Amino acid sequence: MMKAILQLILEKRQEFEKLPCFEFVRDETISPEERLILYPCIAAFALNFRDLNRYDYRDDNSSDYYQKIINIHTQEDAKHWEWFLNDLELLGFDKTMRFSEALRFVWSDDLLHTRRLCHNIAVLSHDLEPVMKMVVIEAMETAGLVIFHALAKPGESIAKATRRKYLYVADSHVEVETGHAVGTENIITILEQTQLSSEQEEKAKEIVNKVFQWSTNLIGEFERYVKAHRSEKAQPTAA
Amino acid sequence: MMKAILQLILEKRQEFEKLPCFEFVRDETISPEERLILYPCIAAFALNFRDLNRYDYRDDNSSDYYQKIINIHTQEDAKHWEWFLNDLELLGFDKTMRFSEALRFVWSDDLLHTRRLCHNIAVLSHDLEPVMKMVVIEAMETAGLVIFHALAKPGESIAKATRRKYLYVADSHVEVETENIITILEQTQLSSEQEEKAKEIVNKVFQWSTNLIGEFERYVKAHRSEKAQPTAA
Ligand SMILES: N[C@@H](Cc1c[nH]c2c(Br)cc(Br)cc12)C(=O)O
Ligand SMILES: N[C@@H](Cc1c[nH]c2c(Br)cc(Br)cc12)C(=O)O
Ligand SMILES: [Fe+3]
Ligand SMILES: [Fe+3]
Ligand SMILES: [Fe+3]
């Protein structure tokens, strides 16, 4: 039942939206610089997410049409890592450090789940047919939209106050994620018309469970990082 | 029993040993500082190799005996990333930079195969039985031993000249690499399907290692002046 899979995604989304980290990020009584304290944590993810789209999801030598739809989808998501680096500099988090200090930060044990999220997604997606890969992408995009709907609230506050163009923790990022390329069909529209077998349904349920459990593990690391570095607020500069 | 697989590993090793990068690293007529120009490239691998042993290979919740032998083997290999960071500082490569520059370096397109080698190994090993995981580990350890037999030649030269204790590009690292996995493979009978999969494993591991070494060669050519800068005691 693909109707049950897409509703399972909504059920997982509704539970995921209630995590304490998002209540903190959406709280406008706290300065947006303190709500974006978790921003450096995304460095263990953002470029690994670029590689996930470049090299794991994508298969340019494929003739299958559903794979080509996945390929078109990766072309958009593989651009967002430069947006992350754009806002990293604007937030005053692109700090100078020793090369090994940058390595120890990315591979910190406190960012374990953040760093291996795309890795675990790639392992889960490797032996899947294209329509089952779409379930992974749809669940992953659903969790990501919950995150960036929240992060865009302090990001757009800093962007208007400092008069700087933010690209990652911004509404334009959310709107691009919500939409899709002109001329291509929606992955969700393809899923709504797809009939799954009993074996596919069991694998699809496992996919949704794992994607949101791993996203929840990541968000837990964001919370603990904010608690452990509560003074390391963002330091943007006005234009 | 599995003699063809262990011989295939030996054939791939002998072919792998002849790559031009290793001839460059073993040439003592070139200063060891110039032969270790490729050392920063390992930043895209060494810590990913730590995670590979910690989280992909290792399975502490397993009762299988072959998996426990893998778990013990990962406890040694998961320590070597700190050795890499040690020799990184000694060689004068632990330089100061912006956070994004370090990110752009690791995820450089010129280090693609270096960066995703452990990732591709993990993807290959995930659905394998423990004895088949051992085939992956054995081929990977054989290629790594060819790498560090070579790098230890200029590394020990700098270690002797500067009287500093190197840990990664050093003989002590090679000696640790050299309950055995190899003994289990010799006593294991594979099915026809298992043997065919083991051939695929060996081909992929050494092909991916060859791509990594190819990136090391192009990096040395592109940064021929950025020789190591170690200091004497
Ligand atoms: N829109 C995100 C993609 C994304 C998708 N899912 C995500 C999760 Br779960 C956590 C984080 Br942090 C990021 C994502 C990006 O462009 O990097
Ligand atoms: N002895 C290496 C492990 C290793 C095993 N295989 C390797 C290959 Br192929 C390339 C490189 Br660079 C390193 C390895 C280490 O501890 O980092
Ligand atoms: Fe995005
Ligand atoms: Fe090692
Ligand atoms: Fe080893």
# chains A, B, ... in the order shown; residues from 1 in each chain; ligands from 1
>>> residues_near_ligand(ligand="ligand 5", cutoff="7 Å", atoms="only C-alpha atoms and all ligand atoms", output="PyMOL selection string")
chain B and resi 73+76-77+141+176-177
>>> write_last_selection(atoms="N, CA, C and O atoms", output="mmCIF file, in the first residue's frame")
data_model
loop_
_atom_site.group_PDB
_atom_site.id
_atom_site.type_symbol
_atom_site.label_atom_id
_atom_site.label_comp_id
_atom_site.auth_asym_id
_atom_site.auth_seq_id
_atom_site.Cartn_x
_atom_site.Cartn_y
_atom_site.Cartn_z
ATOM 1 N N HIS B 73 40.184 -7.092 14.958
ATOM 2 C CA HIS B 73 41.035 -6.491 13.939
ATOM 3 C C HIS B 73 40.727 -5.005 13.764
ATOM 4 O O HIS B 73 41.646 -4.209 13.528
ATOM 5 N N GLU B 76 42.536 -2.442 16.223
ATOM 6 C CA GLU B 76 43.885 -1.989 15.907
ATOM 7 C C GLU B 76 43.875 -0.930 14.810
ATOM 8 O O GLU B 76 44.494 0.128 14.957
ATOM 9 N N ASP B 77 43.159 -1.190 13.712
ATOM 10 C CA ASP B 77 43.154 -0.267 12.580
ATOM 11 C C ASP B 77 42.441 1.039 12.900
ATOM 12 O O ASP B 77 42.740 2.068 12.287
ATOM 13 N N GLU B 141 43.832 -4.594 3.293
ATOM 14 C CA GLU B 141 45.065 -4.560 4.069
ATOM 15 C C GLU B 141 46.276 -4.848 3.195
ATOM 16 O O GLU B 141 47.356 -4.300 3.441
ATOM 17 N N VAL B 176 53.000 -3.280 12.355
ATOM 18 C CA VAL B 176 51.694 -3.610 12.915
ATOM 19 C C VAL B 176 50.789 -4.213 11.841
ATOM 20 O O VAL B 176 50.021 -5.146 12.107
ATOM 21 N N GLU B 177 50.878 -3.703 10.608
ATOM 22 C CA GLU B 177 50.041 -4.211 9.524
ATOM 23 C C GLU B 177 50.420 -5.634 9.117
ATOM 24 O O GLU B 177 49.546 -6.448 8.791
#
>>> residues_near_ligand(ligand="ligand 3", cutoff="10 Å", atoms="only C-alpha atoms and all ligand atoms", output="tab-separated table (two decimals) with N, CA and C atoms, in the first residue's frame")
chain	number	residue	atom	x	y	z
A	46	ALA	N	26.72	18.71	5.00
A	46	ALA	CA	26.33	19.38	3.76
A	46	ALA	C	27.10	18.88	2.55
A	49	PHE	N	26.25	15.35	1.69
A	49	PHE	CA	24.98	15.32	0.96
A	49	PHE	C	25.19	15.66	-0.50
A	50	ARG	N	26.13	16.55	-0.81
A	50	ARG	CA	26.49	16.80	-2.20
A	50	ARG	C	27.00	15.52	-2.86
A	76	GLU	N	19.74	19.34	-8.73
A	76	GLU	CA	19.38	20.49	-7.92
A	76	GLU	C	19.98	20.38	-6.52
A	77	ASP	N	19.85	19.21	-5.88
A	77	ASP	CA	20.31	19.09	-4.50
A	77	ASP	C	21.83	19.16	-4.39
A	78	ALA	N	22.55	18.78	-5.45
A	78	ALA	CA	24.00	18.82	-5.45
A	78	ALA	C	24.56	20.23	-5.54
A	79	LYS	N	23.71	21.24	-5.68
A	79	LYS	CA	24.17	22.62	-5.71
A	79	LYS	C	24.13	23.28	-4.34
A	80	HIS	N	23.45	22.68	-3.37
A	80	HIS	CA	23.15	23.41	-2.15
A	80	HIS	C	24.33	23.49	-1.19
A	81	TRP	N	25.39	22.71	-1.41
A	81	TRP	CA	26.55	22.77	-0.52
A	81	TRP	C	27.25	24.12	-0.62
A	83	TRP	N	25.68	26.90	-1.04
A	83	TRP	CA	24.84	27.75	-0.20
A	83	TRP	C	25.21	27.62	1.26
A	84	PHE	N	25.47	26.39	1.71
A	84	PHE	CA	25.90	26.18	3.09
A	84	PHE	C	27.20	26.93	3.37
A	141	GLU	N	13.83	14.20	1.85
A	141	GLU	CA	13.45	15.57	1.57
A	141	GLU	C	12.39	16.06	2.55
A	144	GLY	N	14.26	16.97	5.68
A	144	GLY	CA	15.04	18.17	5.43
A	144	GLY	C	14.19	19.43	5.39
A	145	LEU	N	12.98	19.33	4.85
A	145	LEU	CA	12.09	20.49	4.81
A	145	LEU	C	11.64	20.91	6.21
A	148	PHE	N	14.68	22.93	7.49
A	148	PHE	CA	14.96	24.24	6.93
A	148	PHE	C	13.77	25.20	6.98
A	167	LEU	N	21.45	32.13	1.69
A	167	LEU	CA	21.05	31.16	0.67
A	167	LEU	C	20.69	29.79	1.22
A	168	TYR	N	21.19	29.43	2.40
A	168	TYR	CA	20.99	28.11	2.96
A	168	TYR	C	19.93	28.12	4.07
A	169	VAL	N	20.13	28.94	5.10
A	169	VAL	CA	19.12	29.08	6.14
A	169	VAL	C	18.21	30.23	5.71
A	173	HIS	N	15.75	28.74	-0.08
A	173	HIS	CA	16.14	27.33	-0.02
A	173	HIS	C	14.92	26.45	0.22
A	174	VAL	N	14.04	26.86	1.14
A	174	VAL	CA	12.83	26.09	1.40
A	174	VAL	C	11.95	26.03	0.16
A	175	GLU	N	11.80	27.15	-0.54
A	175	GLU	CA	10.91	27.17	-1.70
A	175	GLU	C	11.44	26.29	-2.83
A	176	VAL	N	12.76	26.27	-3.03
A	176	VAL	CA	13.35	25.41	-4.05
A	176	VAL	C	13.16	23.94	-3.68
A	177	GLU	N	13.28	23.61	-2.39
A	177	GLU	CA	13.07	22.24	-1.95
A	177	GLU	C	11.62	21.81	-2.12
A	178	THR	N	10.69	22.73	-1.86
A	178	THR	CA	9.28	22.40	-1.97
A	178	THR	C	8.90	22.13	-3.42
>>> residues_around(residues="residue 1 in chain B", least_positions_apart="4", cutoff="9 Å", atoms="only C-alpha atoms", output="PyMOL selection string")
chain B and resi 5+185-190
>>> closest_atom_pairs(of="chain B", to="chain A", cutoff="10 Å", atoms="only C-alpha atoms", output="Markdown table")
| residue | atom | partner | partner_atom | distance |
| --- | --- | --- | --- | --- |
| B:40 | CA | A:99 | CA | 9.6 |
| B:43 | CA | A:103 | CA | 7.8 |
| B:44 | CA | A:103 | CA | 9.2 |
| B:47 | CA | A:107 | CA | 7.1 |
| B:48 | CA | A:107 | CA | 8.4 |
| B:50 | CA | A:107 | CA | 9.5 |
| B:51 | CA | A:107 | CA | 8.5 |
| B:55 | CA | A:116 | CA | 9.5 |
| B:56 | CA | A:120 | CA | 9.8 |
| B:82 | CA | A:104 | CA | 9.9 |
| B:84 | CA | A:100 | CA | 9.9 |
| B:85 | CA | A:100 | CA | 6.7 |
| B:86 | CA | A:100 | CA | 9.5 |
| B:88 | CA | A:100 | CA | 8.2 |
| B:89 | CA | A:100 | CA | 8.3 |
| B:93 | CA | A:99 | CA | 8.1 |
| B:94 | CA | A:99 | CA | 5.2 |
| B:95 | CA | A:98 | CA | 5.5 |
| B:96 | CA | A:98 | CA | 4.3 |
| B:97 | CA | A:96 | CA | 5.3 |
| B:98 | CA | A:96 | CA | 4.3 |
| B:99 | CA | A:94 | CA | 5.1 |
| B:100 | CA | A:94 | CA | 6.1 |
| B:101 | CA | A:94 | CA | 8.9 |
| B:102 | CA | A:99 | CA | 6.2 |
| B:103 | CA | A:102 | CA | 7.8 |
| B:104 | CA | A:47 | CA | 8.8 |
| B:105 | CA | A:99 | CA | 9.9 |
| B:106 | CA | A:103 | CA | 9.0 |
| B:107 | CA | A:47 | CA | 7.1 |
| B:112 | CA | A:51 | CA | 9.2 |
| B:116 | CA | A:51 | CA | 9.0 |
| B:119 | CA | A:119 | CA | 7.1 |
| B:120 | CA | A:123 | CA | 9.2 |
| B:122 | CA | A:123 | CA | 7.7 |
| B:123 | CA | A:123 | CA | 5.3 |
| B:124 | CA | A:123 | CA | 8.7 |
| B:125 | CA | A:123 | CA | 9.6 |
| B:126 | CA | A:123 | CA | 7.3 |
| B:127 | CA | A:123 | CA | 9.5 |
>>> residues_around(residues="residue 232 in chain B", least_positions_apart="3", cutoff="12 Å", atoms="only C-alpha atoms", output="JSON, numbers by chain")
{"B": [90, 91, 92, 158, 159, 160, 161, 162, 163, 164, 165, 229]}
>>> closest_residue(among="A:8, A:158, A:226, A:72", to="residue 182 in chain A", atoms="only C-alpha atoms")
A:72
>>> closest_atom_pairs(of="chain B", to="ligand 4", cutoff="10 Å", atoms="only C-alpha atoms and all ligand atoms", output="JSON lines")
{"residue": "B:46", "atom": "CA", "partner": "ligand 4", "partner_atom_place_in_ligand_line": "1 (Fe)", "distance": 8.6}
{"residue": "B:49", "atom": "CA", "partner": "ligand 4", "partner_atom_place_in_ligand_line": "1 (Fe)", "distance": 8.8}
{"residue": "B:50", "atom": "CA", "partner": "ligand 4", "partner_atom_place_in_ligand_line": "1 (Fe)", "distance": 9.3}
{"residue": "B:76", "atom": "CA", "partner": "ligand 4", "partner_atom_place_in_ligand_line": "1 (Fe)", "distance": 8.1}
{"residue": "B:77", "atom": "CA", "partner": "ligand 4", "partner_atom_place_in_ligand_line": "1 (Fe)", "distance": 5.4}
{"residue": "B:78", "atom": "CA", "partner": "ligand 4", "partner_atom_place_in_ligand_line": "1 (Fe)", "distance": 8.1}
{"residue": "B:79", "atom": "CA", "partner": "ligand 4", "partner_atom_place_in_ligand_line": "1 (Fe)", "distance": 8.0}
{"residue": "B:80", "atom": "CA", "partner": "ligand 4", "partner_atom_place_in_ligand_line": "1 (Fe)", "distance": 5.3}
{"residue": "B:81", "atom": "CA", "partner": "ligand 4", "partner_atom_place_in_ligand_line": "1 (Fe)", "distance": 7.9}
{"residue": "B:83", "atom": "CA", "partner": "ligand 4", "partner_atom_place_in_ligand_line": "1 (Fe)", "distance": 8.8}
{"residue": "B:84", "atom": "CA", "partner": "ligand 4", "partner_atom_place_in_ligand_line": "1 (Fe)", "distance": 9.1}
{"residue": "B:141", "atom": "CA", "partner": "ligand 4", "partner_atom_place_in_ligand_line": "1 (Fe)", "distance": 8.1}
{"residue": "B:144", "atom": "CA", "partner": "ligand 4", "partner_atom_place_in_ligand_line": "1 (Fe)", "distance": 7.2}
{"residue": "B:145", "atom": "CA", "partner": "ligand 4", "partner_atom_place_in_ligand_line": "1 (Fe)", "distance": 8.1}
{"residue": "B:147", "atom": "CA", "partner": "ligand 4", "partner_atom_place_in_ligand_line": "1 (Fe)", "distance": 9.9}
{"residue": "B:148", "atom": "CA", "partner": "ligand 4", "partner_atom_place_in_ligand_line": "1 (Fe)", "distance": 8.3}
{"residue": "B:167", "atom": "CA", "partner": "ligand 4", "partner_atom_place_in_ligand_line": "1 (Fe)", "distance": 9.8}
{"residue": "B:168", "atom": "CA", "partner": "ligand 4", "partner_atom_place_in_ligand_line": "1 (Fe)", "distance": 7.4}
{"residue": "B:169", "atom": "CA", "partner": "ligand 4", "partner_atom_place_in_ligand_line": "1 (Fe)", "distance": 9.6}
{"residue": "B:172", "atom": "CA", "partner": "ligand 4", "partner_atom_place_in_ligand_line": "1 (Fe)", "distance": 10.0}
{"residue": "B:173", "atom": "CA", "partner": "ligand 4", "partner_atom_place_in_ligand_line": "1 (Fe)", "distance": 6.3}
{"residue": "B:174", "atom": "CA", "partner": "ligand 4", "partner_atom_place_in_ligand_line": "1 (Fe)", "distance": 7.6}
{"residue": "B:175", "atom": "CA", "partner": "ligand 4", "partner_atom_place_in_ligand_line": "1 (Fe)", "distance": 9.7}
{"residue": "B:176", "atom": "CA", "partner": "ligand 4", "partner_atom_place_in_ligand_line": "1 (Fe)", "distance": 7.6}
{"residue": "B:177", "atom": "CA", "partner": "ligand 4", "partner_atom_place_in_ligand_line": "1 (Fe)", "distance": 6.2}
{"residue": "B:178", "atom": "CA", "partner": "ligand 4", "partner_atom_place_in_ligand_line": "1 (Fe)", "distance": 10.0}
>>> write_last_selection(atoms="N, CA and C atoms", output="PDB file, in the first residue's frame")
ATOM      1  N   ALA B  46      42.174   8.966   5.853  1.00  0.00           N
ATOM      2  CA  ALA B  46      42.600   8.335   7.104  1.00  0.00           C
ATOM      3  C   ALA B  46      41.478   8.289   8.134  1.00  0.00           C
ATOM      4  N   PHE B  49      38.805   5.937   7.083  1.00  0.00           N
ATOM      5  CA  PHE B  49      39.214   4.569   7.392  1.00  0.00           C
ATOM      6  C   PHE B  49      38.986   4.236   8.859  1.00  0.00           C
ATOM      7  N   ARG B  50      39.158   5.215   9.751  1.00  0.00           N
ATOM      8  CA  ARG B  50      38.815   5.003  11.154  1.00  0.00           C
ATOM      9  C   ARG B  50      37.341   4.660  11.307  1.00  0.00           C
ATOM     10  N   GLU B  76      42.536  -2.442  16.223  1.00  0.00           N
ATOM     11  CA  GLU B  76      43.885  -1.989  15.907  1.00  0.00           C
ATOM     12  C   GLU B  76      43.875  -0.930  14.810  1.00  0.00           C
ATOM     13  N   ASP B  77      43.159  -1.190  13.712  1.00  0.00           N
ATOM     14  CA  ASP B  77      43.154  -0.267  12.580  1.00  0.00           C
ATOM     15  C   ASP B  77      42.441   1.039  12.900  1.00  0.00           C
ATOM     16  N   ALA B  78      41.494   1.020  13.834  1.00  0.00           N
ATOM     17  CA  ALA B  78      40.804   2.247  14.210  1.00  0.00           C
ATOM     18  C   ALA B  78      41.686   3.202  15.010  1.00  0.00           C
ATOM     19  N   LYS B  79      42.902   2.807  15.372  1.00  0.00           N
ATOM     20  CA  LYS B  79      43.793   3.690  16.110  1.00  0.00           C
ATOM     21  C   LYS B  79      44.704   4.509  15.209  1.00  0.00           C
ATOM     22  N   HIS B  80      44.834   4.143  13.936  1.00  0.00           N
ATOM     23  CA  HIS B  80      45.899   4.700  13.120  1.00  0.00           C
ATOM     24  C   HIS B  80      45.615   6.114  12.634  1.00  0.00           C
ATOM     25  N   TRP B  81      44.385   6.603  12.762  1.00  0.00           N
ATOM     26  CA  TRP B  81      44.107   7.959  12.310  1.00  0.00           C
ATOM     27  C   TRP B  81      44.856   8.987  13.148  1.00  0.00           C
ATOM     28  N   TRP B  83      47.814   8.508  14.359  1.00  0.00           N
ATOM     29  CA  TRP B  83      49.173   8.481  13.825  1.00  0.00           C
ATOM     30  C   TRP B  83      49.288   9.390  12.612  1.00  0.00           C
ATOM     31  N   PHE B  84      48.277   9.357  11.732  1.00  0.00           N
ATOM     32  CA  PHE B  84      48.265  10.219  10.554  1.00  0.00           C
ATOM     33  C   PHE B  84      48.306  11.687  10.944  1.00  0.00           C
ATOM     34  N   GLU B 141      43.832  -4.594   3.293  1.00  0.00           N
ATOM     35  CA  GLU B 141      45.065  -4.560   4.069  1.00  0.00           C
ATOM     36  C   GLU B 141      46.276  -4.848   3.195  1.00  0.00           C
ATOM     37  N   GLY B 144      46.958  -1.600   1.346  1.00  0.00           N
ATOM     38  CA  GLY B 144      47.502  -0.622   2.276  1.00  0.00           C
ATOM     39  C   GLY B 144      48.942  -0.917   2.658  1.00  0.00           C
ATOM     40  N   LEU B 145      49.292  -2.200   2.784  1.00  0.00           N
ATOM     41  CA  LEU B 145      50.667  -2.565   3.106  1.00  0.00           C
ATOM     42  C   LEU B 145      51.634  -2.203   1.977  1.00  0.00           C
ATOM     43  N   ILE B 147      51.169   0.391   0.151  1.00  0.00           N
ATOM     44  CA  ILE B 147      51.274   1.845   0.240  1.00  0.00           C
ATOM     45  C   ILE B 147      52.327   2.228   1.263  1.00  0.00           C
ATOM     46  N   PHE B 148      52.235   1.645   2.451  1.00  0.00           N
ATOM     47  CA  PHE B 148      53.042   2.102   3.565  1.00  0.00           C
ATOM     48  C   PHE B 148      54.411   1.459   3.631  1.00  0.00           C
ATOM     49  N   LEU B 167      54.875   8.000  13.134  1.00  0.00           N
ATOM     50  CA  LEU B 167      53.980   6.911  13.487  1.00  0.00           C
ATOM     51  C   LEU B 167      53.184   6.353  12.325  1.00  0.00           C
ATOM     52  N   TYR B 168      52.967   7.131  11.263  1.00  0.00           N
ATOM     53  CA  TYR B 168      52.124   6.726  10.142  1.00  0.00           C
ATOM     54  C   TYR B 168      52.956   6.290   8.940  1.00  0.00           C
ATOM     55  N   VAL B 169      53.819   7.171   8.443  1.00  0.00           N
ATOM     56  CA  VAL B 169      54.730   6.827   7.359  1.00  0.00           C
ATOM     57  C   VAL B 169      56.026   6.326   7.991  1.00  0.00           C
ATOM     58  N   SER B 172      57.146   1.262  12.134  1.00  0.00           N
ATOM     59  CA  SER B 172      56.262   0.769  13.184  1.00  0.00           C
ATOM     60  C   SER B 172      54.836   0.577  12.675  1.00  0.00           C
ATOM     61  N   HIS B 173      54.387   1.431  11.755  1.00  0.00           N
ATOM     62  CA  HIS B 173      53.069   1.244  11.157  1.00  0.00           C
ATOM     63  C   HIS B 173      53.046   0.009  10.262  1.00  0.00           C
ATOM     64  N   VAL B 174      54.094  -0.175   9.451  1.00  0.00           N
ATOM     65  CA  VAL B 174      54.176  -1.334   8.565  1.00  0.00           C
ATOM     66  C   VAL B 174      54.210  -2.621   9.376  1.00  0.00           C
ATOM     67  N   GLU B 175      54.983  -2.636  10.463  1.00  0.00           N
ATOM     68  CA  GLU B 175      55.120  -3.849  11.261  1.00  0.00           C
ATOM     69  C   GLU B 175      53.812  -4.251  11.932  1.00  0.00           C
ATOM     70  N   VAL B 176      53.000  -3.280  12.355  1.00  0.00           N
ATOM     71  CA  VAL B 176      51.694  -3.610  12.915  1.00  0.00           C
ATOM     72  C   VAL B 176      50.789  -4.213  11.841  1.00  0.00           C
ATOM     73  N   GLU B 177      50.878  -3.703  10.608  1.00  0.00           N
ATOM     74  CA  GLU B 177      50.041  -4.211   9.524  1.00  0.00           C
ATOM     75  C   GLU B 177      50.420  -5.634   9.117  1.00  0.00           C
ATOM     76  N   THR B 178      51.708  -5.947   9.104  1.00  0.00           N
ATOM     77  CA  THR B 178      52.176  -7.264   8.685  1.00  0.00           C
ATOM     78  C   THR B 178      51.768  -8.354   9.676  1.00  0.00           C
TER      79      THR B 178
END
>>> residues_around(residues="residue 138 in chain A", least_positions_apart="3", cutoff="12 Å", atoms="only C-alpha atoms", output="JSON list (two decimals) with C-alpha atoms, in the first residue's frame")
[["chain", "number", "residue", "atom", "x", "y", "z"],
["A", 5, "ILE", "CA", 3.76, 4.65, 2.97],
["A", 6, "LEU", "CA", 3.04, 8.29, 2.16],
["A", 8, "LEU", "CA", 3.66, 6.96, 7.32],
["A", 9, "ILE", "CA", 5.93, 9.72, 6.01],
["A", 10, "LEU", "CA", 3.44, 12.34, 7.23],
["A", 13, "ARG", "CA", 7.07, 14.17, 9.79],
["A", 70, "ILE", "CA", 16.33, 10.68, -9.89],
["A", 73, "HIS", "CA", 16.58, 15.52, -8.89],
["A", 131, "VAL", "CA", 11.05, 3.60, -7.49],
["A", 132, "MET", "CA", 12.27, 2.45, -4.08],
["A", 133, "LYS", "CA", 15.09, 5.00, -4.24],
["A", 134, "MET", "CA", 12.33, 7.60, -4.67],
["A", 135, "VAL", "CA", 10.92, 6.57, -1.28],
["A", 141, "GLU", "CA", 13.45, 15.57, 1.57],
["A", 142, "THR", "CA", 10.52, 15.57, 4.01],
["A", 143, "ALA", "CA", 12.81, 15.55, 7.05],
["A", 144, "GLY", "CA", 15.04, 18.17, 5.43],
["A", 145, "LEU", "CA", 12.09, 20.49, 4.81],
["A", 177, "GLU", "CA", 13.07, 22.24, -1.95],
["A", 178, "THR", "CA", 9.28, 22.40, -1.97],
["A", 186, "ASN", "CA", 7.02, 15.08, -9.10],
["A", 187, "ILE", "CA", 8.51, 12.17, -7.21],
["A", 188, "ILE", "CA", 5.51, 12.36, -4.90],
["A", 189, "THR", "CA", 3.17, 12.26, -7.92],
["A", 190, "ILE", "CA", 4.92, 9.13, -9.19],
["A", 191, "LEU", "CA", 4.71, 7.55, -5.75],
["A", 192, "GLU", "CA", 0.98, 8.30, -5.49],
["A", 204, "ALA", "CA", 9.34, 0.95, 2.00],
["A", 207, "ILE", "CA", 13.09, 2.91, 4.54],
["A", 208, "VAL", "CA", 10.82, 5.51, 6.14],
["A", 211, "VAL", "CA", 15.46, 7.76, 7.40],
["A", 212, "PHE", "CA", 13.51, 9.48, 10.16]]
>>> atom_distance(atom1="CA of residue 26 in chain B", atom2="CA of residue 149 in chain B")
9.2 Å
>>> residues_around(residues="residue 15 in chain B", least_positions_apart="4", cutoff="12 Å", atoms="only C-alpha atoms", output="ChimeraX atom specification")
/B:8-11,19-20,22,143,146,203,206-207,209-210
>>> write_last_selection(atoms="N, CA and C atoms", output="compact mmCIF listing (two decimals), in the first residue's frame")
# COMPACT_ATOMS: atom_id res chain seq x y z
N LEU B 8 44.76 -14.50 -6.59
CA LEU B 8 44.28 -13.29 -7.26
C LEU B 8 44.69 -12.04 -6.49
N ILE B 9 44.63 -12.10 -5.16
CA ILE B 9 45.09 -10.97 -4.36
C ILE B 9 46.58 -10.75 -4.58
N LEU B 10 47.35 -11.83 -4.66
CA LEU B 10 48.78 -11.70 -4.90
C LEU B 10 49.07 -11.13 -6.28
N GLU B 11 48.30 -11.53 -7.29
CA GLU B 11 48.50 -10.97 -8.62
C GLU B 11 48.17 -9.48 -8.65
N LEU B 19 52.93 0.68 -9.71
CA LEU B 19 52.37 1.96 -10.13
C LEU B 19 53.45 3.05 -10.04
N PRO B 20 53.42 4.02 -10.96
CA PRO B 20 54.51 5.01 -10.99
C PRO B 20 54.66 5.80 -9.70
N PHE B 22 54.64 4.70 -6.68
CA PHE B 22 55.49 4.00 -5.73
C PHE B 22 56.94 4.05 -6.15
N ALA B 143 46.61 -4.02 -0.08
CA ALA B 143 46.90 -2.79 -0.81
C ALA B 143 47.50 -1.73 0.13
N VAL B 146 51.20 -2.32 0.72
CA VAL B 146 52.02 -1.84 -0.39
C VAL B 146 52.21 -0.33 -0.28
N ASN B 203 38.80 -7.51 -7.23
CA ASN B 203 38.94 -6.59 -8.35
C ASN B 203 38.56 -5.17 -7.94
N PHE B 206 41.22 -3.39 -5.34
CA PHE B 206 42.47 -2.93 -5.93
C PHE B 206 42.24 -1.90 -7.03
N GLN B 207 41.12 -1.98 -7.74
CA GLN B 207 40.81 -0.94 -8.72
C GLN B 207 40.56 0.39 -8.03
N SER B 209 41.77 1.24 -5.08
CA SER B 209 43.07 1.67 -4.56
C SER B 209 43.93 2.27 -5.66
N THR B 210 43.85 1.71 -6.87
CA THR B 210 44.59 2.25 -8.01
C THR B 210 44.10 3.65 -8.38
>>> select_by_dssp(residues="range 2-239 of chain A", states="alpha helix (DSSP H)", output="ChimeraX atom specification")
/A:2-17,20-25,32-35,46-51,65-77,80-90,99-106,112-115,117-125,130-162,171-178,187-193,198-228
>>> closest_residue(among="A:146, A:4, A:151, A:140", to="ligand 1", atoms="only C-alpha atoms and all ligand atoms")
A:140
>>> closest_residue(among="B:42, B:201, B:132, B:111", to="ligand 2", atoms="only C-alpha atoms and all ligand atoms")
B:42
>>> residues_around(residues="residue 25 in chain B", least_positions_apart="3", cutoff="12 Å", atoms="only C-alpha atoms", output="PyMOL selection string")
chain B and resi 17-22+28-39+146-155+157+169+213+216-217+220
>>> write_last_selection(atoms="C-alpha atoms", output="short mmCIF file (atom, residue, chain, number, x, y, z; two decimals), in the first residue's frame")
data_model
loop_
_atom_site.label_atom_id
_atom_site.label_comp_id
_atom_site.auth_asym_id
_atom_site.auth_seq_id
_atom_site.Cartn_x
_atom_site.Cartn_y
_atom_site.Cartn_z
CA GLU B 17 53.25 -2.43 -6.51
CA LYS B 18 54.46 -1.23 -9.93
CA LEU B 19 52.37 1.96 -10.13
CA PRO B 20 54.51 5.01 -10.99
CA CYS B 21 53.66 6.71 -7.69
CA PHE B 22 55.49 4.00 -5.73
CA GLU B 28 66.14 7.77 -2.71
CA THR B 29 67.77 10.13 -5.24
CA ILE B 30 64.75 12.41 -4.59
CA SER B 31 64.61 14.21 -1.25
CA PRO B 32 62.12 12.60 1.16
CA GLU B 33 60.39 15.98 1.57
CA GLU B 34 59.45 15.95 -2.09
CA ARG B 35 58.37 12.31 -2.07
CA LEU B 36 55.90 13.03 0.74
CA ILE B 37 54.20 15.90 -1.13
CA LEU B 38 51.20 13.58 -1.43
CA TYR B 39 50.80 13.35 2.36
CA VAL B 146 52.02 -1.84 -0.39
CA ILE B 147 51.27 1.85 0.24
CA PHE B 148 53.04 2.10 3.56
CA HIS B 149 56.00 -0.10 2.71
CA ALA B 150 56.69 2.64 0.17
CA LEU B 151 55.87 5.72 2.25
CA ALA B 152 57.96 4.42 5.16
CA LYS B 153 61.11 4.76 3.03
CA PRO B 154 61.09 8.60 2.88
CA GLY B 155 59.29 8.78 6.23
CA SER B 157 64.57 9.07 6.39
CA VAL B 169 54.73 6.83 7.36
CA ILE B 213 47.03 6.31 -6.11
CA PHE B 216 48.17 11.03 -5.50
CA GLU B 217 50.32 11.19 -8.66
CA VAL B 220 52.26 15.71 -6.75
#
>>> closest_residue(among="A:136, A:69, A:147, A:21", to="ligand 1", atoms="only C-alpha atoms and all ligand atoms")
A:147
